[PDB]
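Remarks on the structure that follows.
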There are 2 protein chains.
Amino acid sequence: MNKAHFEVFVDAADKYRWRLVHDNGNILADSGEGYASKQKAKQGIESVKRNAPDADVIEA
Amino acid sequence: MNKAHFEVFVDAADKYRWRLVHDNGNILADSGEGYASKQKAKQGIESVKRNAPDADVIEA
């Protein structure tokens, strides 16, 4: 029912990162970290999809 | 079934952002955005929970 998709790309330091983008083109989320493997980047996405929908937001 | 939680904080420019952190203490995701409203930060989280678990990852 959503309109969005993840995209893994390379950082300025040749690192694998990702960002979630809505149909409009706004950044919804980002990997936060950077790594030297595309797999790990994708693992971050799957890690978030497995925690994000249940994780509670607190104001630090 | 998970171990994580969202946390909203201030950027170097007085902006409200957030990051998802697992029990391990690793950054799973980040807002990617940065704005002067705490509400917007939290809106980003809810928006990601509404797109992330359904969004498909593309390797750019």
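Readers should treat all values here as calculations from the given coordinates under stated rules, not as data from a laboratory. No Cβ is skipped: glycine too gets one built from the backbone with ideal geometry, and neighbour counts run over all protein chains shown.
Remark: mean inter-chain Cβ contacts per residue of A:2-15 equal 3, using a 10 Å Cβ-Cβ cutoff to other protein chain atoms. Legend: Rg and Dmax of chain A, from Cα coordinates, 12.3, 35 Å. For B:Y35, nonlocal amide neighbours, meaning residues 5 or more places apart or on other chains whose placed amide H falls under 5 Å from its own, are B:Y16.
Working note: 222 nm ellipticity from helices only, DSSP H runs with n ≥ 4, each -39,500 (n - 2.57), summed and divided by the residues of chain B, gives -6000 deg cm²/dmol to the nearest 500. The length gained on full extension between A:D23 and A:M1, counted as 0.36 nm times the residue separation minus their Cα-Cα distance, comes to 6.7 nm. Our Cα-only numbers for the protein assembly as shown put the radius of gyration and Dmax at 13.1, 36 Å. Take every pair of alpha-carbon atoms less than 8 Å apart whose residues are at least six positions apart; their mean separation over the length of the range B:8-60 yields a relative contact order of 28 percent. The length gained by stretching the chain between A:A13 and A:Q39 to full extension, at 0.36 nm per residue less their Cα-Cα distance, is 7.7 nm.
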